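What follows is a single chain, given as structure tokens, in the form deposited in one PDB entry.
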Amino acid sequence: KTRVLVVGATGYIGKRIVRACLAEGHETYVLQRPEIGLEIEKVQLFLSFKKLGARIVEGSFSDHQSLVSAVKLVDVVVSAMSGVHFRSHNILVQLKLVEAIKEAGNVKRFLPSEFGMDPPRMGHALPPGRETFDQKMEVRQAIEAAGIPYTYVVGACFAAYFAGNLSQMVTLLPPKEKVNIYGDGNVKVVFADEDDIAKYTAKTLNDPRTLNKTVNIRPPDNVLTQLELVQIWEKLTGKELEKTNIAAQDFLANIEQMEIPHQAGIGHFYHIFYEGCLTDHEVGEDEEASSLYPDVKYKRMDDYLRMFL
């Protein structure tokens, strides 16, 4: 019964949001852009969405009228626009989409591409990492300036990027013998399986309790220090890892001599693991997803790491 349009449908979190919307029973539309011409994995992803019952809606960010038409078909718009420097960081292209939603006036709610650190709380961040949050703030201001109802989904580290590698930056796999601990390893971080993030997103987008709210993904058992996370892995494997503590000053040593996109990653890591930006404030149960949606049995990080044994 709720009609949903996913923008960024073939993206990392986008494709999960699409499937979650189908499973939740939303009538699900996905935007197929003409520019994805010889990108076979995108094309075939769209084919798989259609087989599961999504509806293809052709549109382009170079064709304002195509965007107006698309969002005229649905009640809710979810954007999963890219926002990682080593991938691509086109958060501002959502501005065109805000303007199309504005012109069409039928959208009952818009979920912009957030799913990360809470932007309005990042005002002190260092560039170039800072650009992520500034751009997402700009999109927020366009949404609110336009009076578009919204939900902002924030709060958790994607497990594949922070959990599966024991938060080592070099890789996505657990380390074999040795691991770096950022500081003392006693800063609480929030970790969430991306499938759960998508499930929460599909459940909130028509939850009246979250209209015009920020929704935090902070599943209580998944608030863990890096050392706790590394110890979960030592338990599963039965092998202690040689741990080396990294003081902040040595984490950041010579950052100015590194490629921009890596500086941005280092900056994001610093806010999460050294400042603890994901756990340094309180949120109430009325604005936290696992409490809003307790039927969702989120995947705990011991189960998540097991798939790597």
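Only residues modelled in both forms are compared. Position 1 is the first residue in the sequence shown; the rest follow in order. Here, rigid core means the biggest group of C-alpha atoms that superpose within 1.5 Å across both forms.
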Notebook entry, point to check: Comparing 22-30 with 258-266, which has the greater mean CA B-factor as deposited?
Noted result: 258-266
Notebook entry, point to check: So which stretch wins on mean C-alpha B-factor, 61-69 or 267-275?
Noted result: 61-69
Next item on the list: By the entry's C-alpha temperature factors, tell me which of 128, 164, 219, 155 sits highest.
Entry: 128
Next item on the list: Report the option among 223, 169, 80, 232 whose CA atom has the maximum B-factor in the deposited record.
Entry: 169
Next item on the list: Would you check the entry's CA temperature factor for residue 75 and let me know if it's in the chain's lowest, middle or highest third?
Entry: middle
Next item on the list: Tell me, lowest, middle or highest third: where does the Cα B factor of residue 94 rank within its chain?
Entry: middle
Margin query: Split into thirds by Cα B-factor across the chain's modelled residues, where does residue 289 land: lowest, middle or highest?
Written below: middle
Margin query: Please place residue 214 in the lowest, middle or highest third of its chain according to the CA B-factor in the PDB entry.
Written below: middle
Check: So where's residue 124 on the chain's Cα temperature factor ranking, which third?
Finding: highest
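There is another form of this protein, the form deposited in another entry, and it is not shown here; the text below is about that form.
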Notebook entry, point to check: Which of the listed residues (41, 282, 240, 259) moves its Cα by 2 Å or more between this form and the one not shown when the core is kept in place?
Noted result: 259
Next item on the list: Using the rigid core for the fit, write out the stretches of 3 or more consecutive residues with CA shifts of 2 Å or more between this form and the one not shown, ordered by sequence.
Entry: 35-37, 257-261
